[PDB]
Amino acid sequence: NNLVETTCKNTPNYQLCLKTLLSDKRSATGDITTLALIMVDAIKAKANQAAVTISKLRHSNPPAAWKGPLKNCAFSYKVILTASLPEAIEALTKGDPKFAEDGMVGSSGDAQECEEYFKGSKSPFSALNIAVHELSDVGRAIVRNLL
């Protein structure tokens, strides 16, 4: 059965998609909706890590120049974690997958927005914003099969 291979081939980042899916035990037997949920959980895990990292930097006497960007970044991730991803999960499990695409698009956009709040569009946690964004683009691609 090459469902995971077939699904990741239809994404912009095959290696990221494989590693993410093959890492969750639900993949070997799940359907496409289940693989989509596995991807949303990976996005949630990285977004939660970015959120806590932002919080830690705001509480570590950051420079004055990072005060506004870190606060706006905090709002970006509050949106990802309290709205976009919960909304996607609901669409995938109890609704129309059509709606999960919008949440993936939203999370890709919100992760990039945070990075861009910093001077030179360069934050002190780039790898986390990049990962949320890339996992979100993989998730959006997987959801489009469904609809």
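Between two forms, the rigid core is defined as the largest C-alpha subset superposing within 1.5 Å. One rule holds for the numbers: they count along the sequence shown, beginning at 1.
Once the structures in 7 other deposited structures of this protein are superposed via the core, the pair 122 to 130 and 19 to 27 is resolved in favour of 122 to 130 as the more displaced stretch (C-alpha RMS). For 89 to 97 versus 44 to 52, the mean Cα distance to the shown form in 7 other deposited structures of this protein after rigid core alignment is larger for 89 to 97. A summary of the deposited B-factors shows that, of 15 to 23 and 124 to 132, the stretch with the larger mean C-alpha value is 15 to 23. If you average the C-alpha B-factors over 108 to 116 and over 55 to 63, the higher value belongs to 55 to 63. Across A45, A91, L81, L70, the greatest Cα temperature factor reported in the deposited entry is at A91. Per the deposited record, the Cα B-factor of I32 falls in the highest third when ranked against the other modelled residues of its chain. Sort the chain's modelled residues by C-alpha temperature factor and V40 lands in the middle third, per the entry.
Sort the modelled residues of the chain by CA B factor and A50 lands in the lowest third.
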